[PDB]
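Student: The structure is given below, and queries will be raised subsequently.
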Amino acid sequence: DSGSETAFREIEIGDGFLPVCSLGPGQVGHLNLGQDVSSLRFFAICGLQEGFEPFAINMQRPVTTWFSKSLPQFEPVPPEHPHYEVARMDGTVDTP
Amino acid sequence: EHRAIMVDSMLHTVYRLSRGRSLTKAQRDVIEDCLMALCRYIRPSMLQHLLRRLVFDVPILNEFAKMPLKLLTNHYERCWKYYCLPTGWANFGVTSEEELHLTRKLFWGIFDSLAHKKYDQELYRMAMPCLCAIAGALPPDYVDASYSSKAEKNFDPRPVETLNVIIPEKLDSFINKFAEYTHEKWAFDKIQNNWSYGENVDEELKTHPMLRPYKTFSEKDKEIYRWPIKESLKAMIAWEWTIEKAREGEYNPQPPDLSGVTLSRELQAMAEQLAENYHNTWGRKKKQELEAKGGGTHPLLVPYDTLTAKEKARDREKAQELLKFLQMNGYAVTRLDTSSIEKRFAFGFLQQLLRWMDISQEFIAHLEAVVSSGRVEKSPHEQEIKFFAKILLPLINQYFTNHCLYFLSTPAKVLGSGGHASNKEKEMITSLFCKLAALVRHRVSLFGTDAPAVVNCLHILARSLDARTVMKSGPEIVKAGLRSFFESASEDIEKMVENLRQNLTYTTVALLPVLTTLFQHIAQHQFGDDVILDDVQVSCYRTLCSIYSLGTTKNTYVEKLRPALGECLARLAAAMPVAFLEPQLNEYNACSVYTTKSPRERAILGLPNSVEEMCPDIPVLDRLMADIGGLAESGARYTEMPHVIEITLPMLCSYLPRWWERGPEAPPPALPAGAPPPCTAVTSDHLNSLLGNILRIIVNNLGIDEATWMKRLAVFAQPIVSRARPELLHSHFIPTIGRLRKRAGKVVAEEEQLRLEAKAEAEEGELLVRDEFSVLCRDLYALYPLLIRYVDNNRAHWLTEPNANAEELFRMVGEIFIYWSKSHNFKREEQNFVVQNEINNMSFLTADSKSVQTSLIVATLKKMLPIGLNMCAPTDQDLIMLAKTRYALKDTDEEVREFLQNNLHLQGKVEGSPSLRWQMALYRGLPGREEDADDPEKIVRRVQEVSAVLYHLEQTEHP
C-alpha cells in the first residue's frame, strides 16, 4: 500500500527458510521450485537480471515435500505445553 | 488485568484529587498530568468507571472540565480502533455495547451542552477536537440499546413516590398478586439453592429461613418483602406508562419467573426506566446517607442509563423479572415504533445535523439580511453562527473523512468495514451536500475566514455520495434538488462566460473546485450512467459548450483561470456517459437524453433531438484529431496555442481512454451485449496517435522556459500512455530523449568548464548553469514519467525478446543518469526544483502504479536496468566487477576501455563456475541471442556501459 516493492523486509536469517504453500478446500496449485529453469516461466522477466537463482537449480533429484497430514495421531505431551501440564507424582505409601 | 480493581479505584481517586477544592495551580497541573499520562498507557477497558464518571460530569462544561475532556479526546483518539472497528484494537479486545452507549450519551451530551452554552474561545477551540474524536471513534453503524431510553438529563436521585399514588383495582389485583408471587419466587430461589424454604428462623441454611407458605405466613412478615414489590409495581404504574392486564381480573409458583427472556422493545426501554426508578426513588434515602457520609457519588447512585452493565444488573434483573412476570401473563404496559435506521447512531446524528442545517440556514439568512441592511453587528443567532463555524464545519469534515467509506458503502459491494449506510442516510447526505452548495452559492463573500473550511468540507461531502441510489429509486425531492443544483451551476458558468466576455468569487474559488471534485468522484465510481442523464446531461452539455467558448476567448484572466477549466472539464468528460464526440452514432448509446427521453419529453425540454444541433461548436473527434496533429506538425507552443494544451487536450486524454473500453477493440462481455454497435469507434490506434502528438508538442516546447502547465499535461497524459503501440518508442521517445541527452551534455560540458575555472565570473556562471539546467530538471521530470509507465508495460516484452532499440534507449537513459550522478549541482538543483514546485507528491503518485528523496532519474534507471543488463553474457557479467574497480580508481572511460581490452582474456569460464552453466544456457535460450554478439568490440562496449551504470547506481545508493 505504501508503494514499497519489498513485501517483507528486515527478516533475520535465523535457522533458515523453506518454500511453502497452504492450499484450501478444493484448491489446485502447481509448485515449481525451479529444478527446470527452462520450465520456470517469468524468471527472465523477474529474477534472472536481479541476481536471483532458481531454488534447486542444480539439484538432480526432485525436492521432496512434506504435506500436513490430517490423520489424528497420538504424540507425547510437550513438557512446555502452554496450557496442559503432566505431573509425575511419586507413589509413596497408601498411594500408587 | 490481574488486579485491575484497585487500578480503577486509583483512577477514580486521582480524578477526585484533581477535582479537589483547595489546591495550587502547579499541584493541580501535576495531578492532571499524572492522570493523562496514566490513562494514555493503561488499557482502554480499564476506563469502565472513569469513563462513566466523565460521561456524567463533563457535560457540565465547567472550568474544571478542561483536563477531563482533554484526556477524554486523547484516550479516544488513541483507541479509535477499539470502538469503530468491529474486530477491536488488535490484541486488545472488542468494545462492549455498554461502552458504546456511554460513548453515544457522552458525545451527544457534550454536543448539546456546547449548543446551549454561549460561545467562548477556550471551550470551543479545546473541545471541537474532542467532539470530532468521540464522533469518529464511535462506529456509525452502531445501534444503541434503545433509542427511546430514559435519557435523563452528588447526583440527584429523583424520588418518584408512589405510596401516595392510588392504583386502579383492576390492575392492583395483579400488583398484590405479584407481590405474593415474588415472595413465593424468592422462596423458590432459596429451595433451588439447595436450602428448602424454612418455616422457623435457623442458621442451618444461608438463605431465607422463614419463608412459610402463604396460609401460615404472618401478613406483616410477608409485607417486610412484599411491600417493596408492591411499591415497585406501583411506581411503574404511577409513571405515565401504566401496566394494564390483558385478561380481565387478577410456597412456589407454577410459572418460572426468569429475567433471561425479553418483552417488546418499548417494554424493555421503560423496564430500564423502572430500574432507573430503583436507583432514584429507592435510593434517595441512600443518597441522604451518602451525603451525610460525604463519600461522593455511590456506584449504584450514578445515573442508571450511564451505569456499567456489570453492576446495573442489580436493579436490571429486578425490573426484568417484574416485566417478564407481566409478559408470561400477557400484561401490557399502555402509555415509539422507531426504525432501526433511526435507532442507529449514523442516521440519528444525520437527522440532528439536518435540524441544525435548517437552523443554520435561518442563521445565515438573518446574517445576510443584517449585512445588506447597513452594519448590524448584533445578531440574535450570533451564538449559533459561532457554534457552526467553530464546531460544526470541522466536525462534519472530520466525521465524513473517517466514515466516508461507510457512507459510500454500497449494499451490493460493501466498502465500509463497519457496514453499509442506509438508503435514507445516503439520500439525505446527498441532500446535505446540495443544501451546503445552495447555502454557499452566494454566501462566499461573508464567512471570509471560514471560506476555505467551507470549500474543503463541501469537497468532503462531494466525495462519497451514492448518487446512483439517490437518483435511482430515491427521494424525488432530493434528486430534483441535485438536478436543479447542477442546472443552476451550469447557468452560473454561463454567467461566468458573460462576465469574462458573491457570484464571480463563487465561481473563482468555491463553485469550480467542488464541481471538479464531484465530477472526479462520479468518474472514479462510474455513476454517470444513471446519474449524468436527462436534465443533468443537458446541464453538463451547456457547461461543456460554455467552457469551450471560454477556451475560444482569449484574455489575461481567462488565461490564468484555464487550468481550473481544464481540470474541471477533464473530470466532467470522465464522468460524462454519452459520447457527445460521436454524433452520428449517438443512437447506439443508450445513455443519451434522446434515447432515454420520449419525443414528447424532448419537445417539452427543448432538446434539439440531435447531438449535432445540440453542440455544433465542438467538431467531431476526427476533426480534433486532425487539429491536434496539425498543431503538433506546426510545433504549437503555449504562446501560439495556450487554450489547446490547457483545455482541449483534456478532452482527448480523458474522454478517449475511458471510451476505449466502449470502443470496438475492447472485447464485449457477451455477444448480446456487443450486438448494439459501439457508439464510439475509437481503438488503441487513435490513442497512440494522440501520444505521438503529445510527445511532438512536448519536444517542440522543450526549449520554452517558464512553462508550468506542462507538468499538469504530463499528469493528464499519465493514463493515456498505457496501451501504447510498440513502434511508438523509436518513433518518439528515442528522438526526444536523444535531444534531451545532447542538451544535457552541452550543459554539463559548460558546468565542467565552470568547475575548472575559479574566477569571480565562475560564481556568476555557477548561478547561470543552475538556472540553465533547472529547466532541464523540469523537462526530465516531465518526459521520464511517461517513460516509467512505458517501460512498465514493455519490460516483459523486452526481457523475453531483446530489442536493439530498447538497448539503445537504455544506453541513452544511462548516459543521462551518469550525467546526473557525476554533477553535484544536478542533484541539488533537482531537489530545489522539487521543493519549489512541490514535485515530491506528484513523483510519489508517478512511482505509484495504477518523494523528495526519490530521484526520478534513479527510479527510471532502476526500472530500465534489466533491459540493458540482459544484453551481456554471464561471462561478461564476470568482467563487470573489474570494470567497477576500474571506475573505483577514478579512471577515464578511454583507459577503462583499453585495460578492459587487455582483460579480454580474463573473462569467466562456464565449466569453471557451476552457476554459469544455467545462466549461459538461458542466455543462449533467449530467442534474440545469437553468437555474433560475442565479438570482442561489442563485448567491451556493453561491459563498460553496464559497469558504468552499475557503479553510478551503487554510488547513488551508497556514496
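The way I read the labels, and the way they are meant: chains A, B, ... in the order of the C-alpha cells, residue 1 as the first residue of every chain, and ligand 1 as the first ligand shown, with later ones counted on from there.
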Using only C-alpha atoms, find each residue in chain B having at least one atom no more than 8 Å away from chain A; report its shortest atom-to-atom pair and that distance in Å (one decimal), rows by chain then rising number, as a tab-separated table.
Tutor:
residue	atom	partner	partner_atom	distance
B:795	CA	A:45	CA	7.5
B:796	CA	A:45	CA	5.5
B:799	CA	A:45	CA	5.6
B:800	CA	A:45	CA	6.7
B:847	CA	A:3	CA	7.8
B:848	CA	A:3	CA	6.0
B:866	CA	A:49	CA	5.5
B:869	CA	A:49	CA	6.5
B:870	CA	A:49	CA	6.6
B:918	CA	A:37	CA	7.8
B:922	CA	A:38	CA	7.5
Student: Using only C-alpha atoms, which residues sit within 10 Å of residue 469 of chain B once same-chain residues fewer than 5 positions away are excluded, as JSON, numbers by chain?
Tutor: {"B": [410, 423, 424, 426, 427, 474, 475, 479, 527, 530, 531]}
Student: Write the residues of the preceding selection, restricted to C-alpha atoms, as a short mmCIF file (atom, residue, chain, number, x, y, z; two decimals), in the first residue's frame.
Tutor:
data_model
loop_
_atom_site.label_atom_id
_atom_site.label_comp_id
_atom_site.auth_asym_id
_atom_site.auth_seq_id
_atom_site.Cartn_x
_atom_site.Cartn_y
_atom_site.Cartn_z
CA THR B 410 -23.00 0.12 -1.49
CA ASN B 423 -30.58 4.36 1.50
CA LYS B 424 -32.19 7.16 3.53
CA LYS B 426 -27.25 8.19 1.53
CA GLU B 427 -30.03 10.32 0.08
CA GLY B 474 -34.57 7.55 -4.30
CA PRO B 475 -36.45 10.54 -2.89
CA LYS B 479 -32.95 14.09 -6.70
CA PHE B 527 -22.01 6.53 -11.55
CA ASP B 530 -27.66 6.54 -14.20
CA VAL B 531 -26.74 9.98 -12.79
#
Student: Can you pull out every residue within 12 Å of residue 136 of chain B, counting only C-alpha atoms, but drop anything in the same chain fewer than 4 positions away, and send it as a short mmCIF file (atom, residue, chain, number, x, y, z; two decimals) with N, CA, C and O atoms, in the first residue's frame?
Tutor:
data_model
loop_
_atom_site.label_atom_id
_atom_site.label_comp_id
_atom_site.auth_asym_id
_atom_site.auth_seq_id
_atom_site.Cartn_x
_atom_site.Cartn_y
_atom_site.Cartn_z
N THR B 73 -10.51 13.09 24.90
CA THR B 73 -10.20 13.03 23.48
C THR B 73 -8.85 12.37 23.22
O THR B 73 -8.71 11.68 22.21
N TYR B 76 -9.66 8.59 23.40
CA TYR B 76 -10.45 8.10 22.28
C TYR B 76 -9.69 8.17 20.96
O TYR B 76 -9.83 7.29 20.11
N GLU B 77 -8.87 9.21 20.77
CA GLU B 77 -8.03 9.27 19.59
C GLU B 77 -7.00 8.15 19.61
O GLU B 77 -6.66 7.59 18.56
N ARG B 78 -6.50 7.80 20.80
CA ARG B 78 -5.58 6.67 20.91
C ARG B 78 -6.26 5.36 20.52
O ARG B 78 -5.70 4.56 19.76
N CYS B 79 -7.49 5.13 20.99
CA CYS B 79 -8.17 3.86 20.78
C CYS B 79 -9.38 3.99 19.87
O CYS B 79 -10.45 3.43 20.13
N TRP B 80 -9.24 4.76 18.78
CA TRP B 80 -10.30 4.82 17.77
C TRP B 80 -10.58 3.46 17.14
O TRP B 80 -11.71 3.21 16.70
N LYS B 81 -9.59 2.56 17.10
CA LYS B 81 -9.84 1.22 16.59
C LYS B 81 -10.60 0.36 17.59
O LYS B 81 -11.19 -0.66 17.19
N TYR B 82 -10.60 0.73 18.87
CA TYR B 82 -11.22 -0.12 19.88
C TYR B 82 -12.74 -0.12 19.77
O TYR B 82 -13.38 -1.12 20.10
N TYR B 83 -13.33 0.97 19.29
CA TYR B 83 -14.77 1.07 19.13
C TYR B 83 -15.22 1.01 17.67
O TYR B 83 -16.13 0.24 17.34
N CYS B 84 -14.60 1.81 16.80
CA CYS B 84 -15.07 1.90 15.42
C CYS B 84 -14.90 0.58 14.68
O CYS B 84 -15.80 0.15 13.95
N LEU B 85 -13.76 -0.07 14.85
CA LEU B 85 -13.53 -1.35 14.19
C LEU B 85 -14.28 -2.46 14.93
O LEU B 85 -14.09 -2.61 16.14
N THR B 103 -20.46 6.05 25.11
CA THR B 103 -19.84 6.94 24.13
C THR B 103 -20.89 7.79 23.42
O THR B 103 -20.70 8.99 23.22
N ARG B 104 -22.02 7.17 23.04
CA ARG B 104 -23.10 7.90 22.40
C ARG B 104 -23.66 8.98 23.31
O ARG B 104 -23.81 10.15 22.91
N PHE B 107 -21.01 11.80 23.80
CA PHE B 107 -20.91 12.62 22.60
C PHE B 107 -22.07 13.60 22.51
O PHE B 107 -21.89 14.81 22.34
N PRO B 129 -11.92 19.35 18.79
CA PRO B 129 -11.23 18.08 18.53
C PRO B 129 -11.78 16.94 19.36
O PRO B 129 -11.83 15.81 18.88
N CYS B 130 -12.21 17.23 20.59
CA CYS B 130 -12.81 16.19 21.43
C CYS B 130 -14.10 15.67 20.81
O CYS B 130 -14.33 14.46 20.75
N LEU B 131 -14.97 16.58 20.37
CA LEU B 131 -16.25 16.17 19.81
C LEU B 131 -16.04 15.37 18.53
O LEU B 131 -16.67 14.32 18.33
N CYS B 132 -15.10 15.82 17.68
CA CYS B 132 -14.76 15.05 16.48
C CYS B 132 -14.19 13.69 16.84
O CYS B 132 -14.49 12.69 16.17
N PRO B 140 -20.37 4.34 13.12
CA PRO B 140 -21.67 4.87 12.68
C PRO B 140 -22.77 3.82 12.68
O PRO B 140 -23.92 4.14 13.01
N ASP B 141 -22.45 2.57 12.33
CA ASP B 141 -23.46 1.52 12.22
C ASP B 141 -23.97 1.05 13.58
O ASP B 141 -24.93 0.27 13.62
N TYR B 142 -23.35 1.48 14.67
CA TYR B 142 -23.77 1.05 16.00
C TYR B 142 -25.20 1.49 16.30
O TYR B 142 -25.58 2.63 16.01
N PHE B 345 -26.77 5.09 15.33
CA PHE B 345 -26.00 6.31 15.55
C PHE B 345 -26.02 7.19 14.30
O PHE B 345 -26.28 8.39 14.38
N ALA B 346 -25.73 6.59 13.14
CA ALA B 346 -25.49 7.36 11.93
C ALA B 346 -26.68 8.25 11.59
O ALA B 346 -26.58 9.48 11.66
N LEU B 395 -16.38 19.46 12.43
CA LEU B 395 -16.94 18.18 12.86
C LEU B 395 -17.43 17.37 11.68
O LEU B 395 -17.14 16.17 11.57
N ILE B 396 -18.19 17.99 10.78
CA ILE B 396 -18.67 17.26 9.61
C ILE B 396 -17.50 16.89 8.71
O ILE B 396 -17.46 15.79 8.15
N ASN B 397 -16.49 17.76 8.61
CA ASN B 397 -15.29 17.43 7.85
C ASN B 397 -14.63 16.16 8.39
O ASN B 397 -14.43 15.19 7.65
N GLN B 398 -14.32 16.15 9.68
CA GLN B 398 -13.61 15.02 10.27
C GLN B 398 -14.45 13.76 10.24
O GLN B 398 -13.94 12.68 9.91
N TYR B 399 -15.74 13.87 10.57
CA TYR B 399 -16.60 12.69 10.63
C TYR B 399 -16.78 12.08 9.25
O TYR B 399 -16.72 10.85 9.10
N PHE B 400 -16.98 12.90 8.22
CA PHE B 400 -17.11 12.36 6.88
C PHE B 400 -15.77 11.85 6.36
O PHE B 400 -15.74 10.93 5.54
N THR B 401 -14.66 12.41 6.83
CA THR B 401 -13.35 11.87 6.47
C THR B 401 -13.15 10.47 7.05
O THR B 401 -12.68 9.57 6.35
N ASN B 402 -13.52 10.27 8.31
CA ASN B 402 -13.29 8.96 8.92
C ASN B 402 -14.40 7.95 8.64
O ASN B 402 -14.20 6.76 8.88
N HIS B 403 -15.56 8.39 8.13
CA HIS B 403 -16.64 7.46 7.81
C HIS B 403 -17.12 7.60 6.37
O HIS B 403 -18.26 7.24 6.07
N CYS B 404 -16.28 8.12 5.47
CA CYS B 404 -16.69 8.24 4.08
C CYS B 404 -16.81 6.88 3.41
O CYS B 404 -17.63 6.71 2.50
N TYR B 406 -17.99 4.30 4.91
CA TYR B 406 -19.29 3.79 5.35
C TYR B 406 -20.44 4.42 4.57
O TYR B 406 -21.36 3.72 4.15
#
Student: Please, what distance in Å, to one decimal, runs between atom CA of residue 148 of chain B and atom CA of residue 268 of chain B?
Tutor: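 Separating atom CA of residue 148 of chain B from atom CA of residue 268 of chain B is a distance of 10.0 Å.
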Student: I'd like the contact shell of residue 16 of chain B - 12 Å cut-off, only C-alpha atoms, skipping same-chain residues fewer than 3 positions apart - returned as an NGL selection string.
Tutor: :B and (9-13 or 19-23 or 28 or 31-32 or 35 or 50 or 53-54 or 57 or 64 or 68 or 295-297)
Student: With only C-alpha atoms as the counted atoms, please give the residues lying no more than 12 Å from residue 86 of chain A, apart from itself and same-chain residues fewer than 6 positions off, as an MDAnalysis selection string.
Tutor: chainID A and resid 76:80
Student: Near segment 20-23 of chain A, counting only C-alpha atoms, which residues have an atom at most 10 Å away, once you skip same-chain residues fewer than 4 positions from it, shown as a PyMOL selection string?
Tutor: chain A and resi 27-31+65-68
Student: If you run DSSP over the backbone, which residues in segment 490-619 of chain B end up alpha helix (DSSP H)? Put them as a PyMOL selection string.
Tutor: chain B and resi 490-500+504-505+512-525+528-531+534-552+556-574+593-596+599-605+611-614
